[PDB]
4 protein chains.
Amino acid sequence: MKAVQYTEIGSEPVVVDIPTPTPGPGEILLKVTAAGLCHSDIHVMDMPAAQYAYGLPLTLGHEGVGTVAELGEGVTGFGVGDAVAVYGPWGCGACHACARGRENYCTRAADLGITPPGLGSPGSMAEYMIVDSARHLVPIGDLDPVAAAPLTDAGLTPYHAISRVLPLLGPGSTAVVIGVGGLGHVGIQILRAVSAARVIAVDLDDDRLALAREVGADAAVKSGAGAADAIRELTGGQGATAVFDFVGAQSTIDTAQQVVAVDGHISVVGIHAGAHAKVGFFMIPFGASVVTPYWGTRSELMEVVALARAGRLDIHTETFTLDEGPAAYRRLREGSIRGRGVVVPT
Amino acid sequence: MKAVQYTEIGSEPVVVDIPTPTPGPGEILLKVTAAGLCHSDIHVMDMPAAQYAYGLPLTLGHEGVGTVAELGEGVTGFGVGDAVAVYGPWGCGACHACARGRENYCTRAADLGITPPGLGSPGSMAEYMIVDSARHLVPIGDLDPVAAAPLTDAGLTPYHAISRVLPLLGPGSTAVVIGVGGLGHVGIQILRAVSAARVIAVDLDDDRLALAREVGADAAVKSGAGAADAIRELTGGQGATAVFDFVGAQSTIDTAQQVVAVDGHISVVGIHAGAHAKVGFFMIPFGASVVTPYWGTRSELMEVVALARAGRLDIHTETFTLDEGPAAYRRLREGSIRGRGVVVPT
Amino acid sequence: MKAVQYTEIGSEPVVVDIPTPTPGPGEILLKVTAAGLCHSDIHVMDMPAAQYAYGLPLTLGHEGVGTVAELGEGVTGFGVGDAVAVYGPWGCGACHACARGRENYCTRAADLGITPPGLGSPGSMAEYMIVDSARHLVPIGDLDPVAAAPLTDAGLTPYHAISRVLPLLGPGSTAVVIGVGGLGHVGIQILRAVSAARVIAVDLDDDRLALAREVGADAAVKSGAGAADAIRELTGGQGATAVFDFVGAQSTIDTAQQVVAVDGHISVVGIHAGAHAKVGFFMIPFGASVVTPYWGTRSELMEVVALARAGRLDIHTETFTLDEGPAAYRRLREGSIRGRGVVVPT
Amino acid sequence: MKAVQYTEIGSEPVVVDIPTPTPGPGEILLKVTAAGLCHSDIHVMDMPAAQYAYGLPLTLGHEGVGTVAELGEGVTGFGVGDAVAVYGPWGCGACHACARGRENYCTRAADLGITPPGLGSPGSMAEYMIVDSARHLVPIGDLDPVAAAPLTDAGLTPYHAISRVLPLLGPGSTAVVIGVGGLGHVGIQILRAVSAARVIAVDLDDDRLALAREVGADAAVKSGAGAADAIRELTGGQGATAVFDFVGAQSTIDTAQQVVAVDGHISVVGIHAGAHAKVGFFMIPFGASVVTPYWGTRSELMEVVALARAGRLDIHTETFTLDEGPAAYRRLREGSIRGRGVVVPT
Ligand SMILES: NC(=O)c1ccc[n+]([C@@H]2O[C@H](COP(=O)([O-])OP(=O)(O)OC[C@H]3O[C@@H](n4cnc5c(N)ncnc54)[C@H](O)[C@@H]3O)[C@@H](O)[C@H]2O)c1
Ligand SMILES: NC(=O)c1ccc[n+]([C@@H]2O[C@H](COP(=O)([O-])OP(=O)(O)OC[C@H]3O[C@@H](n4cnc5c(N)ncnc54)[C@H](O)[C@@H]3O)[C@@H](O)[C@H]2O)c1
Ligand SMILES: NC(=O)c1ccc[n+]([C@@H]2O[C@H](COP(=O)([O-])OP(=O)(O)OC[C@H]3O[C@@H](n4cnc5c(N)ncnc54)[C@H](O)[C@@H]3O)[C@@H](O)[C@H]2O)c1
Ligand SMILES: NC(=O)c1ccc[n+]([C@@H]2O[C@H](COP(=O)([O-])OP(=O)(O)OC[C@H]3O[C@@H](n4cnc5c(N)ncnc54)[C@H](O)[C@@H]3O)[C@@H](O)[C@H]2O)c1
Ligand SMILES: [Zn+2]
Ligand SMILES: [Zn+2]
Ligand SMILES: [Zn+2]
Ligand SMILES: [Zn+2]
Ligand SMILES: [Zn+2]
Ligand SMILES: [Zn+2]
Ligand SMILES: [Zn+2]
Ligand SMILES: [Zn+2]
């Protein structure tokens, strides 16, 4: 089969021909319909030799959607042909967190050598992929695969971050969304669908501010030095109930701290090495919690899919072939994809 | 192997010799260390011919603990010898409720013919039992099997009922526990371990009131017409924040309605066919929710086990052999078991 | 001043001339801008001699909005002219429930003789009204008084009922709203603003079903014997996560029980003497809680007002003068007001 | 009347004779029965001239308990003689946070010049004190005033910090308490009363570790470089579900970050200027929230009082006279009070 693999350190990913795999007992083989490109796949290929621990070669792609091609022995709940989205953050399935579906917060996955597809196990950027267990498949029915693929991470991750403090986001509340990219443009829509929060979007790019308005933001503010005061102008000096920072650079976190409300929240979702919120007295309002969430839960993915199927999630995508995969990753580096890049095997 | 089966309608269960089963892919074979007798096993054998739909024969026992004897193909997370408790209320594992571990509230288990062990599938009152999936096994480590078996239902069910309204049971709250039997005597202990609620126990039998005091009740009141006013004497006329009725007869539910607080809760856990709370204006206080909960969740079972391992759950038991099983069920009918009856295969 | 009072038992309310009151220490005198007519004002006038305990005469109207006319001694937080909505369900202010703003669930208001305006204290259907305390005034800013008056009950009461089980109403959930009248048409809009629940409206009147679609319902079904099965057709046989029954007759409650989901909720908000949910095993799904909620909380009223100010609550009203008050109550009996009737003193 | 006032900057507080105040409308005059000394009163007197904004003179003491001496006009809910504890963190009473009793998180108290007694308004370290409003009085009944005074802050503050993440602290959870002083020794007891968390105490002083065991800690560990690894030894390498750091120095926060669990919590309750948690990816586990909580809520104070009245809070105290006040503050500087210092006016 055809696939995109990261085959040497510091070199760009290449199109390859590898064995179509077979499912063993418990596993499921999917024909891939769509495979999302995430900014996190860049962090993975930018890792030095000493830091990279996902093994070589590695079939990329942790945002996966497909149709069931073959059942491994003993597997029930799925028939051949069912369209399914792949739950990425695989856990052990047995710990207290995993039993609540919160496999993203699995404590023992590291020690047992369970790694996500695209981040240690063969991923979705291939004609077929293996899924370890039936519990990591989420039905999508007649959902367009191209729009479903980003739901597995670009939808799931903001959905989770928002879900953690959803009780705070009642009528009267204000949610700030920093970074209207893959994640943030879905985050805005989530906030609108599951809350009455006023949504303020923040980005450097005026085109991305326009995108924020397109997908439901009540206001849009240019990022940088002016941002915090412009957000306080909009909030009447009360601050933002929640900041969802999908950029996660120091300047965005600083902004988040300067605007968050007393008893509010900051969710640092974007990843910049070294960047951190400084949570201590006089550096942040009273009661303003900060967290770095990770991916999301099984029940949350199903909820994201239910939003997509209800028409509440317009996911802006561009389609690529497997051959155009390498090129698409380069496009993702330059920031020229207006939403999410998706690969469709022909 | 030796087992206790319900073989004919209306007739008492008998000791039998049946094939030691083999695990297929995904399944786990356990040697049984302990098997609990529940009052619900009586309701099952008292069902008429037309109502009984669990099939014949049926190996009894839905409270199960064991050691892993054999792994079916593809099963990981457990090695031979691990002591495990069996999660009873099996669900489909894939629905929104099941993905949160809430397999007790699985919507699709009925239509798929997934039934608990002891209530449609072979149960624990046998030398060995099959468990369908790894996710239905909960490690107990070095916990005494005899005291662990009741945790799977007698602990789990009250733990769940209490868990649903645990936010209400803060300092200042009062919890009434009606029926200090298998479930209720564990319920009292749970309330003490996980809340600061004042605990008032209610029972007909003065011996069971003594048992309530033994396990942590702050007061004990004889049941009947006088119970409500005696509970109001203790609560200063404010009412009970929560009533956990483990009897569930009409008179106990009536009592529960006459004592529950404004914005409080009634959990009808005991089962008497025809009995019901009457929830309508003027028949119950404002904001006083009522529910009939069912069994409990995967994460809840682990929590109950963690309580047992921490020394917070004194489970009063009497041990029986497989041969004494039939006799132990007659003893459970008369109400002569002070706590929970447990069968240990020799 | 002019007002509408209930002056003798079983007789209709009449227009009267009574002293313009003065605020004592702590109190606030409002000039009334709008005064809502609620179906509950009918139940009050339908009470027999023996049951009626609100005193005579009684200035009607528990849905009140005004402008501050005079401050009683020691009162701060409000200046003359501020437009305010009146929080109706007055409590003692000191108990555990009142300290959380939950004055609707005040335990000690009954024994202290604190009664709502319009239901024991002088109400809003007058040129001026007294409010006991500053904590019972909610700023509305430039909100149209006519549309703000229903927020105090018609908005607040459904907002509360929904707030209690809001965690259940995620994407994928279904909320049924029975009775698309004053309350129910605001309930539908609340569900849309604060949740991603699919909203199914139920009413006897096809015109009210049209009204349900106008205000955002995803479907509408005629009430009666057919309702339950038509709701199950729409939910795929899964049932309704939540039923908010604003009629509260036995037939609507029966419907609610026949459609509610496993681990779902029924909120009996409408009031029919004798009507009740029958909550017991086999009469309702496992885990399906039932409650009769009452009015709502202080923080909830502010939230309802925040929804109105954000444009999320189209409140359908008809305006009346104080002279047309009596007539407007007769019009409310026949069910000819399409939404909520509001009295505006000139 | 006699009182202790901070009268010049950088000078120690002195015993003075000032007018017995009179309550105006809404206010309540209390005869003080007990007045707690908090470490925060030291931070206040250590402030430079430029930073100190509480006005001079200032009657100290923000932990206050008394009996009602006189009612201001219009005040109801309290009769002369009622023993009451004073809710310290006064807010505006009208905002969304204040209406939920969360006056600690009042957004508008700063701009309105509402300041706590002992931190801007006359405090409790005097024969009498004024309380602005009835809502800031909490009945204590026959509770010993000396043991009730610390409940208003030393009890309330840890109760709040714990209350925020109480859902995390189920059976199986571990709570670390760093600093077994005034606050921390009450925090340990709270954790035991309202949760099944395993409690690990951390302190520099072996005497304070002994105190931790006296009041219910399951283990005790010497603070410093070794602390984190010793906590991980106890938790099986899983980490602590929650860290409540009542010291709040950088080294304790660093420790808290090195031991907190994935999806856990750090509550930085102690105050060291400049100290902060560094919440960013790779510097703290996934999902581990951090917050600096402030004081606590009205309903929480009542809950703390209910714990004291139930016998669940052994508050270690030493009594002082008003004359010994100055000396008692010097004793608090050196750290020679084993628990909380309380002043009783003679
Ligand atoms: N927490 C998790 O588990 C998780 C999951 C998936 C992705 N991520 C991370 O989230 C981040 C975002 O992913 P994406 O694919 O949505 O990003 P992206 O590449 O699609 O674009 C990010 C957006 O942020 C904007 N931006 C850049 N710098 C900015 C600044 N200083 N201020 C304001 N806006 C700025 C860009 O204009 C763009 O609109 C990445 O760092 C990624 O690694 C985290
Ligand atoms: N909700 C669920 O999923 C679930 C799970 C397990 C059991 N159950 C049900 O819970 C009930 C209790 O189970 P158990 O095993 O503790 O029962 P048990 O027979 O072991 O003990 C019953 C106790 O209730 C007392 N009692 C009887 N009548 C009473 C009255 N009028 N007032 C007060 N007390 C009275 C008895 O004296 C005894 O102490 C059973 O009826 C069973 O069907 C429900
Ligand atoms: N819980 C509380 O504190 C509280 C507060 C306010 C009002 N209420 C109660 O709520 C109820 C409704 O109040 P309202 O003023 O909104 O009513 P309304 O008179 O304004 O509207 C009634 C609506 O219910 C519909 N209806 C009547 N019978 C029906 C049936 N069998 N099936 C379906 N729909 C039916 C009517 O067609 C109409 O659309 C009243 O009984 C009132 O007393 C309760
Ligand atoms: N959040 C709020 O509003 C609020 C309210 C009251 C107090 N506080 C703050 O809480 C803090 C604690 O108050 P307290 O009155 O309990 O203090 P205290 O002086 O009574 O107790 C200090 C305790 O911490 C221990 N300690 C000191 N350094 C340590 C280290 N490196 N590692 C471990 N333990 C150490 C000491 O041995 C002692 O047991 C203060 O800094 C105070 O300002 C905050
Ligand atoms: Zn990703
Ligand atoms: Zn796990
Ligand atoms: Zn049972
Ligand atoms: Zn299921
Ligand atoms: Zn009303
Ligand atoms: Zn009250
Ligand atoms: Zn203090
Ligand atoms: Zn406030």
# chains A, B, ... in the order shown; residues from 1 in each chain; ligands from 1

$ residues_near_ligand --ligand "ligand 3" --cutoff "7 Å" --atoms "only C-alpha atoms and all ligand atoms" --output "compact mmCIF listing (two decimals) with N, CA and C atoms, in the first residue's frame"
# COMPACT_ATOMS: atom_id res chain seq x y z
N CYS C 38 -49.05 35.88 35.08
CA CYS C 38 -48.65 34.49 35.05
C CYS C 38 -49.85 33.57 35.27
N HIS C 39 -49.78 32.35 34.73
CA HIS C 39 -50.85 31.37 34.91
C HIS C 39 -51.02 31.03 36.39
N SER C 40 -49.93 31.10 37.15
CA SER C 40 -49.98 30.92 38.60
C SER C 40 -50.89 31.90 39.35
N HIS C 43 -54.27 30.12 39.59
CA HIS C 43 -54.29 29.11 40.68
C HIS C 43 -54.58 29.79 42.01
N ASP C 153 -40.04 35.41 35.75
CA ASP C 153 -40.70 34.16 36.05
C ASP C 153 -40.79 33.24 34.82
N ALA C 154 -41.43 33.73 33.76
CA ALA C 154 -41.53 32.99 32.52
C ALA C 154 -40.16 32.62 31.92
N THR C 157 -38.08 30.65 35.55
CA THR C 157 -38.53 29.31 35.96
C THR C 157 -38.03 28.20 35.01
N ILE C 178 -42.80 20.30 26.79
CA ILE C 178 -44.25 20.11 26.68
C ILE C 178 -44.96 21.35 27.17
N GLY C 179 -45.74 21.98 26.29
CA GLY C 179 -46.48 23.21 26.60
C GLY C 179 -45.71 24.44 26.15
N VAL C 180 -46.05 24.96 24.97
CA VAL C 180 -45.38 26.10 24.36
C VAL C 180 -46.18 27.38 24.63
N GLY C 181 -46.34 27.69 25.91
CA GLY C 181 -47.07 28.87 26.35
C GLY C 181 -46.08 29.91 26.82
N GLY C 182 -46.45 30.67 27.84
CA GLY C 182 -45.59 31.71 28.38
C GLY C 182 -44.21 31.16 28.71
N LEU C 183 -44.17 30.09 29.50
CA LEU C 183 -42.92 29.51 29.94
C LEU C 183 -42.20 28.75 28.84
N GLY C 184 -42.93 27.88 28.17
CA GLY C 184 -42.35 26.92 27.26
C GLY C 184 -41.69 27.52 26.04
N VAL C 202 -43.90 20.12 22.24
CA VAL C 202 -45.18 19.39 22.27
C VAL C 202 -46.26 20.32 22.78
N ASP C 203 -47.38 20.38 22.06
CA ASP C 203 -48.52 21.21 22.46
C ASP C 203 -49.78 20.67 21.82
N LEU C 204 -50.94 20.99 22.41
CA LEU C 204 -52.25 20.64 21.82
C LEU C 204 -52.63 21.50 20.61
N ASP C 205 -52.25 22.78 20.68
CA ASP C 205 -52.61 23.81 19.71
C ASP C 205 -51.56 23.89 18.59
N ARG C 208 -49.51 27.02 18.55
CA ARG C 208 -48.41 26.99 19.51
C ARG C 208 -47.25 26.14 19.00
N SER C 223 -49.75 17.04 21.05
CA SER C 223 -49.90 16.32 22.31
C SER C 223 -51.09 15.36 22.27
N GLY C 224 -51.10 14.47 23.26
CA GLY C 224 -52.11 13.43 23.39
C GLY C 224 -51.49 12.05 23.31
N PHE C 246 -44.08 21.79 31.02
CA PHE C 246 -44.64 23.05 31.52
C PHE C 246 -46.15 23.02 31.63
N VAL C 247 -46.76 21.88 31.35
CA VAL C 247 -48.20 21.70 31.51
C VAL C 247 -48.45 21.03 32.84
N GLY C 248 -47.78 19.89 33.03
CA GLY C 248 -47.78 19.18 34.29
C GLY C 248 -49.08 18.47 34.65
N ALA C 249 -49.91 18.20 33.64
CA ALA C 249 -51.09 17.35 33.79
C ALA C 249 -50.64 15.92 33.81
N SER C 251 -51.52 13.45 31.93
CA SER C 251 -51.28 12.91 30.59
C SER C 251 -49.91 13.35 30.03
N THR C 252 -49.50 14.58 30.34
CA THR C 252 -48.19 15.08 29.92
C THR C 252 -47.06 14.41 30.71
N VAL C 269 -42.75 21.04 35.73
CA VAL C 269 -42.77 22.48 36.04
C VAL C 269 -44.18 23.03 36.12
N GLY C 270 -45.04 22.60 35.21
CA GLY C 270 -46.45 22.92 35.30
C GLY C 270 -47.13 22.26 36.49
N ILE C 271 -48.21 22.89 36.94
CA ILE C 271 -48.88 22.55 38.18
C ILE C 271 -50.32 22.13 37.91
N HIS C 272 -50.62 20.86 38.08
CA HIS C 272 -51.99 20.35 38.13
C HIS C 272 -52.15 19.58 39.42
N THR C 292 -39.92 18.35 40.82
CA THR C 292 -40.74 19.54 40.63
C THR C 292 -39.91 20.75 41.08
N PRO C 293 -39.30 21.48 40.14
CA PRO C 293 -38.54 22.64 40.57
C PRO C 293 -39.47 23.83 40.86
N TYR C 294 -38.94 24.83 41.55
CA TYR C 294 -39.70 26.01 41.93
C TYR C 294 -38.90 27.29 41.57
N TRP C 295 -39.50 28.10 40.70
CA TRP C 295 -39.01 29.42 40.37
C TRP C 295 -37.52 29.35 40.02
N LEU C 332 -56.31 35.34 29.80
CA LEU C 332 -55.36 34.30 30.21
C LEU C 332 -56.03 32.97 30.56
N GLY C 335 -56.90 31.09 27.33
CA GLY C 335 -55.70 30.68 26.58
C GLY C 335 -55.53 31.39 25.24
N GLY C 339 -48.24 33.99 24.06
CA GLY C 339 -47.02 34.24 24.81
C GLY C 339 -47.37 34.69 26.22
N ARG C 340 -46.95 35.90 26.58
CA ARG C 340 -47.14 36.45 27.92
C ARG C 340 -47.85 37.79 27.90

$ interface_residues --of "chain C" --to "chain D" --cutoff "9 Å" --atoms "only C-alpha atoms" --output "mmCIF file with N, CA, C and O atoms, in the first residue's frame"
data_model
loop_
_atom_site.group_PDB
_atom_site.id
_atom_site.type_symbol
_atom_site.label_atom_id
_atom_site.label_comp_id
_atom_site.auth_asym_id
_atom_site.auth_seq_id
_atom_site.Cartn_x
_atom_site.Cartn_y
_atom_site.Cartn_z
ATOM 1 N N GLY C 24 -39.511 52.050 53.933
ATOM 2 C CA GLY C 24 -38.812 52.098 55.204
ATOM 3 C C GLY C 24 -37.356 51.681 55.009
ATOM 4 O O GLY C 24 -36.948 51.331 53.890
ATOM 5 N N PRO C 25 -36.571 51.692 56.099
ATOM 6 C CA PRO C 25 -35.147 51.339 56.039
ATOM 7 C C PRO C 25 -34.893 49.985 55.365
ATOM 8 O O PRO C 25 -35.567 49.002 55.687
ATOM 9 N N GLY C 26 -33.947 49.948 54.415
ATOM 10 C CA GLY C 26 -33.655 48.746 53.622
ATOM 11 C C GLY C 26 -34.470 48.602 52.344
ATOM 12 O O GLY C 26 -34.001 47.972 51.389
ATOM 13 N N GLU C 27 -35.677 49.174 52.301
ATOM 14 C CA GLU C 27 -36.612 48.972 51.187
ATOM 15 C C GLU C 27 -36.339 49.912 50.013
ATOM 16 O O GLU C 27 -35.561 50.849 50.122
ATOM 17 N N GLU C 73 -34.054 54.395 53.863
ATOM 18 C CA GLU C 73 -32.802 54.748 54.563
ATOM 19 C C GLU C 73 -31.788 53.593 54.523
ATOM 20 O O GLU C 73 -32.166 52.423 54.608
ATOM 21 N N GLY C 74 -30.509 53.934 54.350
ATOM 22 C CA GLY C 74 -29.401 52.964 54.396
ATOM 23 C C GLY C 74 -29.159 52.134 53.152
ATOM 24 O O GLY C 74 -28.300 51.261 53.150
ATOM 25 N N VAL C 75 -29.930 52.385 52.094
ATOM 26 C CA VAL C 75 -29.882 51.548 50.893
ATOM 27 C C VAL C 75 -28.826 52.091 49.933
ATOM 28 O O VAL C 75 -28.847 53.271 49.590
ATOM 29 N N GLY C 77 -26.248 50.726 46.306
ATOM 30 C CA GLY C 77 -26.190 49.874 45.116
ATOM 31 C C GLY C 77 -27.067 50.369 43.981
ATOM 32 O O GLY C 77 -26.908 49.910 42.838
ATOM 33 N N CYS C 92 -35.148 34.326 53.237
ATOM 34 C CA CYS C 92 -34.633 34.954 54.451
ATOM 35 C C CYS C 92 -33.270 35.615 54.266
ATOM 36 O O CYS C 92 -32.916 36.500 55.030
ATOM 37 N N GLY C 93 -32.494 35.169 53.285
ATOM 38 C CA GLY C 93 -31.207 35.804 52.964
ATOM 39 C C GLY C 93 -30.012 35.288 53.768
ATOM 40 O O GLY C 93 -28.863 35.598 53.421
ATOM 41 N N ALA C 94 -30.275 34.504 54.825
ATOM 42 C CA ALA C 94 -29.266 34.079 55.797
ATOM 43 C C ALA C 94 -28.972 32.566 55.797
ATOM 44 O O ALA C 94 -27.872 32.167 56.178
ATOM 45 N N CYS C 95 -29.943 31.736 55.394
ATOM 46 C CA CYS C 95 -29.788 30.274 55.430
ATOM 47 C C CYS C 95 -28.803 29.805 54.353
ATOM 48 O O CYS C 95 -28.450 30.568 53.456
ATOM 49 N N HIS C 96 -28.396 28.540 54.444
ATOM 50 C CA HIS C 96 -27.394 27.948 53.550
ATOM 51 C C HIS C 96 -27.796 28.058 52.090
ATOM 52 O O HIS C 96 -26.976 28.435 51.233
ATOM 53 N N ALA C 97 -29.057 27.766 51.803
ATOM 54 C CA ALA C 97 -29.616 27.963 50.441
ATOM 55 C C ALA C 97 -29.636 29.451 50.016
ATOM 56 O O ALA C 97 -29.268 29.761 48.893
ATOM 57 N N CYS C 98 -30.064 30.359 50.902
ATOM 58 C CA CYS C 98 -30.149 31.785 50.554
ATOM 59 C C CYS C 98 -28.782 32.411 50.321
ATOM 60 O O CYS C 98 -28.620 33.262 49.445
ATOM 61 N N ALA C 99 -27.798 31.988 51.095
ATOM 62 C CA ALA C 99 -26.448 32.474 50.917
ATOM 63 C C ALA C 99 -25.846 32.081 49.583
ATOM 64 O O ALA C 99 -24.917 32.738 49.148
ATOM 65 N N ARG C 100 -26.348 31.020 48.951
ATOM 66 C CA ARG C 100 -25.952 30.685 47.565
ATOM 67 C C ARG C 100 -26.835 31.335 46.490
ATOM 68 O O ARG C 100 -26.751 30.969 45.305
ATOM 69 N N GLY C 101 -27.671 32.291 46.904
ATOM 70 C CA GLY C 101 -28.663 32.907 46.037
ATOM 71 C C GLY C 101 -29.898 32.073 45.783
ATOM 72 O O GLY C 101 -30.766 32.515 45.030
ATOM 73 N N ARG C 102 -30.014 30.900 46.406
ATOM 74 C CA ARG C 102 -31.065 29.973 46.048
ATOM 75 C C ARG C 102 -32.263 30.239 46.930
ATOM 76 O O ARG C 102 -32.731 29.347 47.635
ATOM 77 N N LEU C 112 -40.928 32.527 58.936
ATOM 78 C CA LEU C 112 -40.700 33.975 59.150
ATOM 79 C C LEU C 112 -41.762 34.899 58.511
ATOM 80 O O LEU C 112 -41.743 36.115 58.740
ATOM 81 N N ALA C 134 -32.431 45.370 48.634
ATOM 82 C CA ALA C 134 -31.652 45.631 47.430
ATOM 83 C C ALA C 134 -31.247 44.343 46.698
ATOM 84 O O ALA C 134 -31.121 44.333 45.472
ATOM 85 N N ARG C 135 -31.072 43.253 47.436
ATOM 86 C CA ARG C 135 -30.634 42.004 46.824
ATOM 87 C C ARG C 135 -31.702 41.379 45.915
ATOM 88 O O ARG C 135 -31.392 40.450 45.152
ATOM 89 N N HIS C 136 -32.944 41.876 46.012
ATOM 90 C CA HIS C 136 -34.044 41.428 45.143
ATOM 91 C C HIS C 136 -34.276 42.317 43.911
ATOM 92 O O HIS C 136 -35.329 42.233 43.276
ATOM 93 N N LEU C 137 -33.294 43.147 43.569
ATOM 94 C CA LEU C 137 -33.356 43.999 42.394
ATOM 95 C C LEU C 137 -32.214 43.579 41.483
ATOM 96 O O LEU C 137 -31.092 43.410 41.945
ATOM 97 N N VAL C 138 -32.520 43.409 40.200
ATOM 98 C CA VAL C 138 -31.562 42.994 39.200
ATOM 99 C C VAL C 138 -31.557 44.068 38.123
ATOM 100 O O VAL C 138 -32.588 44.297 37.515
ATOM 101 N N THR C 297 -33.112 31.030 40.940
ATOM 102 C CA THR C 297 -32.163 31.623 41.861
ATOM 103 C C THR C 297 -31.797 33.012 41.432
ATOM 104 O O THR C 297 -32.091 33.413 40.319
ATOM 105 N N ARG C 298 -31.153 33.750 42.330
ATOM 106 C CA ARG C 298 -30.717 35.112 42.016
ATOM 107 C C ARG C 298 -29.736 35.136 40.859
ATOM 108 O O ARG C 298 -29.940 35.876 39.905
ATOM 109 N N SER C 299 -28.696 34.311 40.923
ATOM 110 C CA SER C 299 -27.699 34.262 39.840
ATOM 111 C C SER C 299 -28.301 33.834 38.503
ATOM 112 O O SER C 299 -27.889 34.324 37.442
ATOM 113 N N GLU C 300 -29.295 32.945 38.562
ATOM 114 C CA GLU C 300 -30.057 32.524 37.387
ATOM 115 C C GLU C 300 -30.842 33.683 36.763
ATOM 116 O O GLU C 300 -30.800 33.853 35.543
ATOM 117 N N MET C 302 -30.106 36.855 36.886
ATOM 118 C CA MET C 302 -29.098 37.685 36.194
ATOM 119 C C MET C 302 -28.696 37.036 34.867
ATOM 120 O O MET C 302 -28.559 37.735 33.856
ATOM 121 N N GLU C 303 -28.527 35.708 34.874
ATOM 122 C CA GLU C 303 -28.227 34.991 33.641
ATOM 123 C C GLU C 303 -29.323 35.104 32.591
ATOM 124 O O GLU C 303 -29.023 35.361 31.424
#

$ select_by_dssp --residues "region 114-241 of chain C" --states "alpha helix (DSSP H)" --output "PyMOL selection string"
chain C and resi 145-148+156-163+184-194+206-214+227-234

$ residues_around --residues "residue 322 (chain D)" --least-positions-apart "4" --cutoff "7 Å" --atoms "only C-alpha atoms" --output "number ranges by chain"
D: 3-4, 343-345

$ write_last_selection --atoms "N, CA, C and O atoms" --output "mmCIF file, in the first residue's frame"
data_model
loop_
_atom_site.group_PDB
_atom_site.id
_atom_site.type_symbol
_atom_site.label_atom_id
_atom_site.label_comp_id
_atom_site.auth_asym_id
_atom_site.auth_seq_id
_atom_site.Cartn_x
_atom_site.Cartn_y
_atom_site.Cartn_z
ATOM 1 N N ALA D 3 -8.980 48.357 72.203
ATOM 2 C CA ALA D 3 -8.709 47.748 70.897
ATOM 3 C C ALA D 3 -7.228 47.764 70.578
ATOM 4 O O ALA D 3 -6.457 48.490 71.211
ATOM 5 N N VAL D 4 -6.844 46.940 69.607
ATOM 6 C CA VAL D 4 -5.482 46.905 69.086
ATOM 7 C C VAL D 4 -5.487 47.523 67.689
ATOM 8 O O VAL D 4 -6.204 47.043 66.807
ATOM 9 N N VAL D 343 -7.492 36.209 70.397
ATOM 10 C CA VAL D 343 -7.664 37.246 71.424
ATOM 11 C C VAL D 343 -9.106 37.259 71.927
ATOM 12 O O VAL D 343 -10.042 37.285 71.134
ATOM 13 N N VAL D 344 -9.254 37.261 73.251
ATOM 14 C CA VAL D 344 -10.550 37.326 73.936
ATOM 15 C C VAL D 344 -10.618 38.613 74.776
ATOM 16 O O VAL D 344 -9.925 38.723 75.786
ATOM 17 N N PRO D 345 -11.439 39.597 74.356
ATOM 18 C CA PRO D 345 -11.688 40.784 75.190
ATOM 19 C C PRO D 345 -12.307 40.463 76.547
ATOM 20 O O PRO D 345 -13.312 39.754 76.598
#

$ closest_residue --among "D:193, D:114, D:217, D:42" --to "ligand 12" --atoms "only C-alpha atoms and all ligand atoms"
D:114
